[PDB]
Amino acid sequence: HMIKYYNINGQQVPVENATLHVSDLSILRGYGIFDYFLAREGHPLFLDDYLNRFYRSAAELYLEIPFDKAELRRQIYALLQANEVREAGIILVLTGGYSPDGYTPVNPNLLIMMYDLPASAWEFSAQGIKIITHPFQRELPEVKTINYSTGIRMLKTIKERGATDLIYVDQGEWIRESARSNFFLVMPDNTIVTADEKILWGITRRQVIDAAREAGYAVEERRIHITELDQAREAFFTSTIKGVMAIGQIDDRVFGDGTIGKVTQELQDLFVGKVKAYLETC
């Protein structure tokens, strides 16, 4: 394949003509929401859950999506067909729109953009990644806003310090999530622990919590103190692109020998199970 079209406000447009006027509130004021999901075998994965979150995020910024969910789903499928692709990354963006005063939102601009399935998608490396803690709390964390400035600004420091990612700790006390991932601990008794509050409710997080409970693991959704890293055997990320990704080091702590923990490897397999089961309903 090669990506020929995006969709702006219900119209398929060649990628090279896909533009917004500079008065768009995303450009001037960072006012917008988005979602991102993969397609496999021609089907966006868990699509109803992603679209439900997109409509919920939009409601929290008082931005009306111009199409109902069934019509949005049609445009997404139509865009897969127009690009002639079965495997893809799909972005949805809803901006504050072409504001008259550079502040008051009006009709949003809706973007559907499409890319190759990321090469790294569900790599499931046996080698855990290395991350740093960073004291920070995302704004409006339950809403998928376009606001990624702390995450992006931290790229230089992350790379400088020999890490590939970070875990946000609210006031250096409470473990939350990374800029683009949910965060989980596995304790020595095999209890899975993940933040309940002041985080984005990831679609991957949902599927992994459900799979873990179906397998008979105890999954605690609660606040996690920074000191509880020392009680954990395993640490992992969930996200649309990562699936389940082993974390082998946080700051000066190696999780086991740095390689993927047993419950993490099991959750990887069960995640792939959830994906296969989804694609069987399509």
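In this text, residue numbers run from 1 along the sequence as written.
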Of 235-243 vs 41-49, the stretch with the larger average CA B-factor in the entry is 41-49
Would 170-178 or 107-115 have the larger average of its C-alpha temperature factors, as given in the entry?
170-178
Given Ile250, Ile226, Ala59, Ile33, the residue at which the Cα B factor reaches its maximum:
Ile226
Based on the PDB record, which member of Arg86, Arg153, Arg138, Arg205 exhibits the highest Cα temperature factor?
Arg86
Quick one: classify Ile8 as lowest, middle or highest third of the chain based on its Cα B-factor.
lowest
Can you tell me which third, lowest, middle or highest, the CA B-factor of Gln75 falls into for its chain?
lowest
Ranking every modelled residue in this chain by its Cα temperature factor as given in the entry, which third contains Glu197?
highest
Where does the C-alpha B-factor of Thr133 rank in its chain, lowest, middle or highest third?
middle
Third of the chain, ranked by Cα B-factor, where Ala121 sits
highest
